[PDB]
Structure formats: structure tokens, C-alpha cells
Amino acid sequence: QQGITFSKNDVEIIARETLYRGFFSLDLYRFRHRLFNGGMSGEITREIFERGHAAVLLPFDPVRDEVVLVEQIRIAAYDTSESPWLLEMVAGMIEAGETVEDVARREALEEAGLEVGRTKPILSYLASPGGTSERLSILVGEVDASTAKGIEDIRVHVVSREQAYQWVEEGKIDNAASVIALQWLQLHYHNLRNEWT
Amino acid sequence: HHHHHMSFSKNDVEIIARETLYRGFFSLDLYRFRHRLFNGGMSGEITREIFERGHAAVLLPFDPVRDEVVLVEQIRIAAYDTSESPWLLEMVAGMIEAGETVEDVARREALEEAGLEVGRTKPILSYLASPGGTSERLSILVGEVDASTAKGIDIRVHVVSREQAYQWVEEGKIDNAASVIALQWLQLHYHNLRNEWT
Ligand SMILES: Nc1ncnc2c1ncn2[C@@H]1O[C@H](COP(=O)(O)OP(=O)(O)O)[C@@H](O)[C@H]1O
Ligand SMILES: Nc1ncnc2c1ncn2[C@@H]1O[C@H](COP(=O)(O)OP(=O)(O)O)[C@@H](O)[C@H]1O
Ligand SMILES: [Mg+2]
């Protein structure tokens with residue numbers, strides 16, 4: 001099939017407004033856009049949670065078939081989870097001029113004590129584009145999982161790939177970045193082990 | 001050093017306050033809380049801004065006879081700044097109101113967003129979209145559909161092969177969390193799913 005029909009030049013962002021500015025922002029976009037029927041929308045407003053964008057690293061040890069996870073509290077999980085302490089990927093915000101790879105390698109070293117060898121891109125995704133602009137770009141990084149060490153009150157975990165994926169299936173890992181990375185690993189680990197040996 | 005799998009509760013968190021920062025269509029709250037530390041003791045009072053927009057039900061519409069998936073296309077303006085286009089190919093989805101089940105919402109949105117009656121369902125998974133800054137949880141089901149009944153009922157409905165939809169995930173043409181998660185799951189499970197549903 002065709003895939004999507006329209007691009008940026010088919011929408012006019014009339015103006016934006018910051019409704020709240022603190023650590024993060026809440027912005028109001030005012031815009032018009034082309035309709036699938038040909039016409040041009042009326043003026044539309046949407047509230048958009050703006051918090052910058054992130055780099056994510058899945059630390060994979062291809063020799064051991066293990067991943068490294070980081071555990072820490074995410075208070076926003078409280079209301080819909082049995083515990084707000086989550087098992088997650090290495091991640092960090094991307095500041096201006098930084099690259100995904102730079103941030104990913106830096107965070108693996110200081111959150112988990114991991115020197116990263118080769119990296120490969122996994123996927124870059126929008127976390128929830130109806131309400132937030134946030135994009136997260138995921139890499140897989142080559143590590144020796146036996147060297148993992150924890151140093152922002154964080155506990156470092158080493159688990160087999162198979163157990164980490166079973167925990168996705170069971171709901172014990174249930175944050176988007178980790179689910180997406182570990183599903184991708186379940187689809188690609190044979191090729192990745194072949195490539196990284 | 002690290003905790004190897006082969007070798008805290010909510011009583012360990014004190015939510016002191018939730019302070020309203022913004023109330024409009026969505027909400028922004030300041031959570032003020034304390035929590036137990038891995039090395040013992042409690043943290044001091046910590047504050048976090050949290051985007052509150054409720055929770056959602058997501059349905060991956062899968063025709064197992066035809067090995068096809070139904071996608072819905074619509075503009076998501078928050079995608080603008082980082083995407084080639086703000087029109088996104090997505091799963092059927094809708095907010096869960098109080099007292100509604102994931103299954104009720106998923107089946108309703110499928111019918112109204114895409115004209116699909118849904119047969120059997122299976123859970124895929126339920127995930128937190130971005131738990132450092134938002135409480136939003138999305139619960140995905142796979143739904144059995146007859147893809148030759150999909151019709152747009154501003155939204156455009158696409159019917160594509162599963163292999164095409166998954167190739168679009170690989171290429172980045174589908175890159176929203178819900179659709180990526182659903183379609184990666186389908187790629188891991190379609191062989192057994194198709195057999196169970198035929
Ligand atoms: N980001 C937003 N800001 C303000 N209103 C919104 C926003 N997103 C959705 N809405 C409101 O909710 C309705 C449903 O929009 P849609 O995004 O298609 O559903 P959902 O948000 O449940 O996925 C719209 O008519 C709109 O008025
Ligand atoms: N939702 C938020 N509200 C307020 N501040 C935040 C939020 N998320 C991150 N920060 C700030 O960014 C810093 C690093 O964030 P991160 O490492 O992701 O979370 P934390 O270290 O608090 O578990 C924190 O010290 C905190 O001040
Ligand atoms: Mg970080």
C-alpha cells in the first residue's frame with residue numbers, strides 16, 4: 001500500500017504557546033492541516049508535553065547471551081504498578097550538539113560501569129505522540145556483562161537474554177524502551193551474536 | 001557490584017503530596033515523595049513533574065486468514081519536530097474511562113475508528129509509555145479481524161500485509177511505541193497465533 005499521504009509542508013503550525021515552564025514544559029500548538037478529502041482543516045489546538053529527547057542503550061553481552069538492566073524508582077509508575085521500582089535500559093537525555101551514541105556510551109559507563117564496544121542502532125520511537133513530543137533512540141551495545149558494577153540510587157542487574165525476555169512476556173519489564181529493545185533482541189540476537197564474534 | 005538473576009514495595013515510598021502545576025485537557029502534577037534507598041535509609045523529599053493524561057487501550061487488528069494488519073493514519077502534531085511527517089501509521093487506540101475494561105475500549109474503538117468487528121482477542125502486553133515523566137500506561141490486545149471489512153468510518157484506514165507492516169517498523173516508517181511493540185510481538189508470535197486462530 002501507499003503508506004502515509006502528507007508531509008510537514010501539508011501542515012501550518014500557526015503558533016505555539018508555553019502554558020507551563022518548569023523542569024519540563026507544557027506547550028500549546030496551534031495549527032491547520034490538509035485533510036484526506038482535499039480540504040484544509042480549521043485551526044486546531046493541542047497540548048504537548050515537552051521534555052526533550054533521549055538516547056537508550058541495551059547492553060548485550062553476545063558471548064554470555066546476557067543483558068544488563070538498571071533498577072530504580074520511577075514515581076509515575078506508582079499508580080498503575082505493584083512497585084514503582086522499574087527494570088530499565090541505560091538511558092539519558094540528549095543535550096544540544098550531543099549524539100545518541102555519545103550519550104548512550106557515557107550513560108552505560110556511569111550508570112552501570114560498562115565500557116561499550118561496538119554499537120548498532122535498534123530503532124527510534126515516539127513514546128506517546130498524541131500528547132508528548134518525546135523521541136527515544138535506542139542502540140544495542142556490546143558489553144562484557146560480568147564487568148557490570150553499579151555506582152540516582154540505582155541497582156545493576158545481569159540476567160540472561162531469555163530470562164529478560166520472559167520478564168517482558170510476564171509483565172515484570174513493562175516500560176516502552178525496555179520492551180522495544182528486548183523484543184528487538186529476541187528477533188535479532190542470532191545475527192548479532194554472529195556479527196559480534 | 002551487580003545482582004545476577006541466578007544468585008521494595010509501596011510501603012517503601014511516601015508520597016507526601018501531589019501539587020497541581022497545570023490543569024487543562026491534560027494535567028501536570030508535582031509529585032513530592034520519599035523512598036527507601038538500596039543501601040539503607042530513606043531519601044530526602046524528592047519532587048518530580050508528572051504528565052497525567054489517563055491510560056489507554058490499544059488493539060492490533062490482525063487477520064490471521066490473510067496474514068494482514070489494519071493500520072490507521074492520522075496527524076499527531078507532537079511528532080512534528082522530530083519526524084519526517086506528523087501523519088503517523090498507528091494501532092487502534094482510545095482512552096480508558098473509569099469503570100471501562102481494556103477489552104471494552106479496544107473493541108469499541110476498532111468498530112468506530114476502523115469499522116472492524118473483532119472476534120477473539122489475546123493480550124500482548126501493558127507498558128508504561130515514558131515513566132520518568134508521565135504516568136501513562138497503554139494496554140495492547142491483538143484482535144481477530146476480517147481485513148476485507150475494514151473501512152474508514154480525520155483518519156485514513158490502511159490494510160497491509162503483516163510483512164509490510166513489520167518492514168515499515170524496521171525502516172522507521174512506523175515508529176510510535178504502541179505500533180512498534182504490537183508489531184514486534186506479532187513478528188515473534190504470528191506462526192502460533194495464525195495456527196491457533198485457524
Ligand atoms: N494533546 C491534546 N491536547 C488537547 N486535546 C486533545 C489532545 N489529544 C487529544 N485531545 C482531544 O481528545 C480527542 C481525541 O483525540 P485522539 O488523539 O484521536 O484520541 P486519543 O487522544 O484518545 O488517542 C480530540 O477530539 C481532542 O479534542
Ligand atoms: N519528571 C521529572 N521532574 C523533575 N525533574 C526531573 C524529572 N525527570 C528527571 N528530572 C531531573 O533530571 C535528573 C536526572 O534524571 P533521571 O536520572 O532520569 O531520574 P532520577 O535520576 O531522578 O532517577 C534528576 O536529578 C532530576 O532532577
Ligand atoms: Mg539517565
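Cut-offs and rules
- Residues numbered from 1 in each chain as written, not as in the entry; some residues may be left out.
- Chains lettered and ligands numbered in written order.
- Heavy atoms only, no water.
- Residues with missing side-chain atoms left out of burial classes, pairs and counts.
- Domains from an automatic or database assignment.
- Contact = heavy atoms within 4.5 Å.
- Buried area = accessible area lost by both parts, 1.4 Å probe.
- Salt bridge = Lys/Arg side-chain N within 4 Å of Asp/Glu carboxyl O.
- Polar contact = N/O pair within 3.5 Å; in protein donor to acceptor, adjacent residues only side chain to side chain.
- Nonpolar A, V, L, I, M, F, W, Y, C, P; charged D, E, K, R; others polar.
- Donors = N, O, S within 2.8 Å, 3.2 Å for Na, K, Ca; no water.
- Helix = DSSP H or I, 4+ residues; strand = E, 2+ residues; numbered from the N terminus.
- Buried < 20%, exposed > 50% of the residue type's maximum accessible area, 1.4 Å probe, protein only.
- Near = heavy atom within 4 Å.
- Areas by Shrake-Rupley, 256 points an atom, 1.4 Å probe, with all protein chains shown as cover.
- Pairing = 2+ DSSP bridges.
- Axes fitted to C-alpha atoms, helices over the stretch in contact; angles between N-to-C directions.
- Parallel < 35°, antiparallel > 145°, perpendicular 65-115°, else oblique.
- Left-handed = near helix turned anticlockwise from the far one by under 90°.

- Structure determination for this PDB entry was carried out by X-ray crystallography, with a resolution of 1.69 Å recorded in the header.

### Some words on the domain arrangement of chain B
Residue and element names in this part refer to chain B.
- Domain boundaries in chain B define domain 1 (10–52) and domain 2 (56–196).
- For domain 1 versus domain 2, the distance between C-alpha centres works out to 32 Å.
- If you look at the interface, domain 1 gives 4 residues, while domain 2 gives 4 residues.
- With both sides pooled, the region where domain 1 packs onto domain 2 buries about 300 Å², and carbon together with sulfur makes up 40% of that total.
- Sorting the residues of domain 1 by area buried against domain 2 places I50, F51 and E52 first, and these three jointly supply 81% of that buried surface.
- Put simply, domain 1 and domain 2 have 0 salt bridges between them.
- Our enumeration of links across domain 1 and domain 2 arrives at 4 residue pairs in polar contact.
- For the side of domain 1 that touches domain 2, the class distribution of residues is 2 nonpolar, no polar and 2 charged.

### Structural notes on the coordination of the magnesium ion (ligand 3)
- Within the first shell, the magnesium ion (ligand 3) binds the protein through A:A91 (O) and A:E111 (OE), at distances of 2.4 to 2.7 Å. You can see A:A91 sitting in strand 7 (residues 90–93) and its partner A:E111 sitting in helix 1 (residues 100–112), a full 20 residues away along the chain.

### Side note on unusual backbone geometry
- Unlike most non-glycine residues, A:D65 shows phi in positive territory, near 55°.
- If you trace the backbone, A:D65 turns up in the loop between strand 4 (54–61) and strand 5 (66–73).
- The class for A:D65 is buried, based on a relative accessible area of 18%.
- Although it is not a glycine, B:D67 adopts a positive phi angle of roughly 55°.
- As for its placement among the helices and strands, B:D67 is situated in the loop between strand 5 (56–63) and strand 6 (68–75).

### Points about the site of ligand 1
- The local shell around ligand 1 consists of A:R46, A:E47, A:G130, B:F25, B:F26, B:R53, B:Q74, B:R76 and B:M95.
- Around ligand 1, the nearby residues trace back to chains A and B.
- A:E47 is positioned such that a nitrogen or oxygen atom in its backbone is 2.8 Å from a nitrogen atom of ligand 1.
- Contacts to ligand 1 include A:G130, whose backbone N or O atom sits 3.0 Å from a nitrogen atom.
- Its free accessible area being 540 Å², ligand 1 has 65% of it covered by the protein chains.

### Considering the interface of chain B and chain A
- Taken residue by residue, the interface counts 81 residues in chain B and 89 residues in chain A.
- Among the elements that take part in the side of chain B that touches chain A, helix 3 (residues 177–196) of chain B stands out by supplying 8 residues, more than any other.
- Considered class by class, the residues forming the side of chain B that touches chain A number 39 nonpolar, 23 polar and 19 charged.
- Note: strand 10 (residues 155–160) of chain A against strand 1 (residues 3–4) of chain B, 2 bridges, orientation parallel. The residue of strand 1 of chain B that forms the bridge with A:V158 is B:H4.

### A closer look at the side chain of A:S137
Residue and element names in this part refer to chain A.
- Residue position: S137 is located in strand 9 (residues 135–142).
- Overall, the relative accessible area of 16% leaves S137 in the buried class.
- If we skip the residues at most four places from it in the chain, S137 touches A54, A55, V56, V100, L123 and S124.

### Some details on the pairing of strand 6 (residues 85–88) of chain A
Residue and element names in this part refer to chain A.
- The two faces of strand 6 match: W85 and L87 on one face and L86 and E88 on the other face are all buried.
- Here 4 bridges tie strand 5 to strand 6, and the two strands are oriented antiparallel to one another. In the strand pairing of strand 6, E71 is matched with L87.

### Some details on the packing of helix 2 (residues 161–170) of chain A against helix 3 (residues 176–195) of chain A
Residues and elements named next belong to chain A.
- Where helix 2 meets helix 3, the axes come as close as 10 Å, and the angle between the chain directions of the two elements is 130°. Judged by the inter-axis angle, helix 2 sits oblique to helix 3. Seen along the crossing, helix 2 lies across helix 3 with a hand that is left-handed. Residues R161, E162, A164, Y165 and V168 of helix 2 form the contact with helix 3, whose own contacting residues are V179, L182, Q183, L185, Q186 and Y189.
- Grouping the constituent residues of the contact of helix 2 with helix 3 by class yields 7 nonpolar, 2 polar and 2 charged.

### What to know about the packing of helix 2 (residues 162–171) of chain B against helix 3 of chain B
All names here are of chain B.
- As a packed pair, helix 2 and helix 3 sit with axes 10 Å apart at the nearest point and diverge in direction by 130°. By the angle between their axes, helix 2 is oblique relative to helix 3. Crossing of helix 2 over helix 3 shows left-handed handedness. Here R162, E163, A165, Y166 and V169 of helix 2 lie close against helix 3, whose contacting residues are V180, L183, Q184, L186, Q187 and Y190.
- Here the residues of the contact of helix 2 with helix 3 sort into 7 nonpolar, 2 polar and 2 charged.

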